[PDB]
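There is one chain below, alone, in structure tokens, taken in the form deposited in one PDB entry.
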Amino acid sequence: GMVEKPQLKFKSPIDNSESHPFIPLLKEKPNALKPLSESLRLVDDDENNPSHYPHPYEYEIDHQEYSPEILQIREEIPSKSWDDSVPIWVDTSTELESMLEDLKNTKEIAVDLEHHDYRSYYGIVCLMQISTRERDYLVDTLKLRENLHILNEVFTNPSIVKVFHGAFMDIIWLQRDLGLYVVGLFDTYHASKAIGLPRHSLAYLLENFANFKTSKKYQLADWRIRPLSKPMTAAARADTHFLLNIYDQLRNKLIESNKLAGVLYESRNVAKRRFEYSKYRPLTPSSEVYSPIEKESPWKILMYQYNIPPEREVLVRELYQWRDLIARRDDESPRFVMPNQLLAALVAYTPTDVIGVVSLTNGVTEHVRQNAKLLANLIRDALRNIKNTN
């Protein structure tokens, strides 16, 4: 079909202006050790790190003690039979409340998410998967975008282990879109590395410990689509359905070889990762902070040198900045507005009228088609400025 942009239905409108450092969406702060008061303040310009808000749960992540049953080798619990249950679809505040009540009665849960970034500037969390020893949950993070914050009661309860595989970006996505934080994380990716398994991916773990073969024929899928297709519903359920059992085996092996403390340390730091706008990103790019990383051509004159002439970097740069502004304005990804190959195509052929712009041998996007005149003017200016100057 066409898929209507889910953003249009968000309770709170999106803001890509980036006129202030990221502000935590957190209004309440359960399992608090340090009041939310001190949390929402600021950290005035340093030199390495410009002004910004700190991670609202950083303190707890450092002080909150782990569940004593995590340091103990325990009899593992096999994953429940896939066919013995259906994944529980959650898309109403009432369904959300019941799941929540259920999660509060666990010792650990497995969590994962599905994300979308083609038709959104920063990106949007489209689905959340949660598994208990007994059931698999599929949460519509689109329809419940503003309600999900209540999961912090469990996501920040240090008495409940939250298991994720390589959650470095998921931690970022969770705060940015849902204002969710995690205290009591166990990252199976770091567990796999510490133990020294040949491969460290989720698929590798699923294949060898749960005899489940994965199909990456969905990491390019569109998670905004409602209802979810059977195959996508299954592939999402598979992210958390087998994870707690894998958690048991890796944990026991870590205790058995005295490496658990290191994995918990690595995990606390994954959970401490803070999301910030590229504009207010710290100088030295560290793993402690994340800011939007262009998924396309090198800022300005690209290295994909489509034989990019000398005096055309000004043109290149204007196209880049124009693209970014339109992307931000319409809340779209830069590639949806204009992919590097098209941008490159414009710079290479330098069309100066609408006909030239829309008939580019390569092809054209809706945005380029709708701004053909502006682009033809922009390009014409670039050429005129060249013929002059020198």
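Residues carry their position along the shown sequence, with the first being 1.
For the pair 116 to 124 and 284 to 292, the mean B factor over Cα atoms is greater in 284 to 292. Across the two stretches, 350 to 358 and 52 to 60, the PDB entry reports the greater mean Cα temperature factor for 52 to 60. Going by the entry's values, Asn307 shows the largest Cα B-factor out of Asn245, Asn307, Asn211, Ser229. Residue-level inspection of the entry shows that, of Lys193, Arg135, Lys107, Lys217, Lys217 has the top Cα B-factor. Among all modelled residues in its chain, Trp223 ranks in the lowest third by Cα B-factor.
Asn157: CA B factor lies in the middle third for its chain, per the PDB record. Per the deposited record, the Cα B-factor of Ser67 falls in the highest third when ranked against the other modelled residues of its chain.
In the deposited entry, the Cα temperature factor of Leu180 sits in the middle third of values across the chain's modelled residues. The entry lists a Cα temperature factor for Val364 that places it in the middle third of the chain's modelled residues.
Form deposited with a small molecule bound: not shown, discussed below.
The three marked residues, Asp112, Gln219 and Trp223, each reach the small molecule in the entry with it bound, with a heavy atom inside 4.5 Å.
Of the candidate stretches 112 to 120, 306 to 314, 71 to 79, 268 to 276, only 112 to 120 has residues with heavy atoms within 4.5 Å of the small molecule in the entry with it bound. Residue contact check for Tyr189: none of its heavy atoms lie within 4.5 Å of the small molecule in the entry with it bound. Residue contact with the small molecule in the entry with it bound: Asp239 places a heavy atom within 4.5 Å of it.
Interface residue remark: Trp173 is counted as part of the site for the small molecule in the entry with it bound, having a heavy atom within 4.5 Å.
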